[PDB]
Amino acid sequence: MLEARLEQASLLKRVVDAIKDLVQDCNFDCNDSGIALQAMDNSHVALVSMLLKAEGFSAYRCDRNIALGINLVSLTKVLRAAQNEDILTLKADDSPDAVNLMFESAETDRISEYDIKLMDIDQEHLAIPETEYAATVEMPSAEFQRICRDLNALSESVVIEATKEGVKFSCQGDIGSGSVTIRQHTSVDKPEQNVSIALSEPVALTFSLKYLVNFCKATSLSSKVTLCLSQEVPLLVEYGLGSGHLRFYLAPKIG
């Protein structure tokens, strides 16, 4: 039934690395559109939504929808044996008990093959309607990661404030208080340094910094990150994949 091939294995490895520390056991839902994933963490504070579209694969074939329950720690152990360059192929049969992974290297004749046992996972999926966000901030992913780490050194919580001016991340803790302010910045030379802010109405929300630091482990998937905020819904942190996407949703702190 299922045969899904990546030209570069890196895409899968980073994706797994960007998910496994937030949620360990996930169902990869496979259909004609591709391979999707949605999972909440054990505390139900964050939600991961991944889509790897059939467009990104050499050869996508799936006549029957199937949920592949995978422990991502085991998957990471197996994926460590594949280089970023390796040609990767997932295969699965009709009512599968395991997923077959094949890594092929060039100029070597070396072939690696693994049969990873699947597991039964009861994953609570949520319906997320399309939202028109009050604020959308596109910024360098490494910059957001640096800000998150820096403020996490000082506090458990961060206030994100989006106004026409710019975006302010602020925190308070025993050591004192800190803040990082970014203004929308356009570079003629190098546009990965760009910060764009599309804002219909100002918005201010508080979030857990450890969850954001976990989110930022997807930095290797894209040089750009998009933060979508509005007052009454969880924060959206989106990384584009080229042909798919990885989204993290974070419920706010209120009191």
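Each residue number is its position in the shown sequence, starting from 1.
Two stretches are in play, 162 to 170 and 71 to 79, and the higher mean C-alpha B-factor belongs to 162 to 170. Relative to one another, 187 to 195 and 200 to 208 have unequal mean CA B-factors, and 187 to 195 is the one with the higher figure. In this entry, the residue among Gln123, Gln145, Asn152, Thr89 with the greatest C-alpha B factor is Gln123.
When the C-alpha B-factors of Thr108, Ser157, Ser179, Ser141 are read from the PDB record, the largest value belongs to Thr108.
The entry lists a Cα temperature factor for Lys217 that places it in the lowest third of the chain's modelled residues.
Sort the modelled residues of the chain by CA B factor and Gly244 lands in the highest third.
Residue-level temperature factors show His44 in the lowest third of its chain, judged at the C-alpha atom. Among the modelled residues of its chain, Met1 has a C-alpha B-factor that falls in the highest third according to the deposited record. Sort the chain's modelled residues by C-alpha temperature factor and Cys26 lands in the lowest third, per the entry.
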